[PDB]
């Protein structure tokens, strides 16, 4: 089942409000044709260069950052082009990204919320329609809708009363979340 970690700061927030707000603040890095700039809005893989157990990206304007964890692959120019696919187990949100391939991984100096045991697996053949691609490219674009839809499905699978409209505290009471010190 999905497992959610949250700073006590967010105990009374709904997941949806937290995500809508975090993503709006992270803001669109404009990773689109004509605007991709290596080292500015590409993010990076560990160990990389285009595959690894983590993909991480910091905002081009705020300190906000996220880390996707699992077994991830980016096709670059190979068919189907510009596709992130593979197994996505976790998404961590916060600010102040640190690390990288030369450190052995990425971390957030301030990790606010993480969603683990996501169990998302997208085959390469689905290309940019795959869930993994939609979730992460949505985040890169300042749009947590795809992530929200996957979290909602995972929460309903535990119990239909649970959803992104539950508070983190409600989800902790339901057995799927736990707090970390603020």
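Numbering follows the first chain given and starts at 1.
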{"query": "Stretch exceeding the other in mean C-alpha B-factor - 111-119, 128-136", "finding": "111-119"}
{"query": "Stretch with the higher entry mean CA B-factor, where the candidates are 169-177 and 10-18", "finding": "10-18"}
{"query": "Among 105, 94, 86, 80 - the residue whose C-alpha B-factor is largest in the record", "finding": "80"}
{"query": "Residue selected from 69, 149, 34, 27 by maximal Cα B factor", "finding": "34"}
{"query": "Within-chain third of residue 153 by Cα B-factor, per the entry", "finding": "middle"}
{"query": "Assigned third (lowest, middle, highest) for the C-alpha B factor of residue 64", "finding": "middle"}
{"query": "Third of chain Cα B-factors occupied by residue 142", "finding": "middle"}
{"query": "Chain third (lowest, middle, highest) by recorded CA B-factor, residue given as residue 54", "finding": "lowest"}
{"query": "Third of the chain's Cα B-factor distribution that residue 47 belongs to, per the entry", "finding": "highest"}
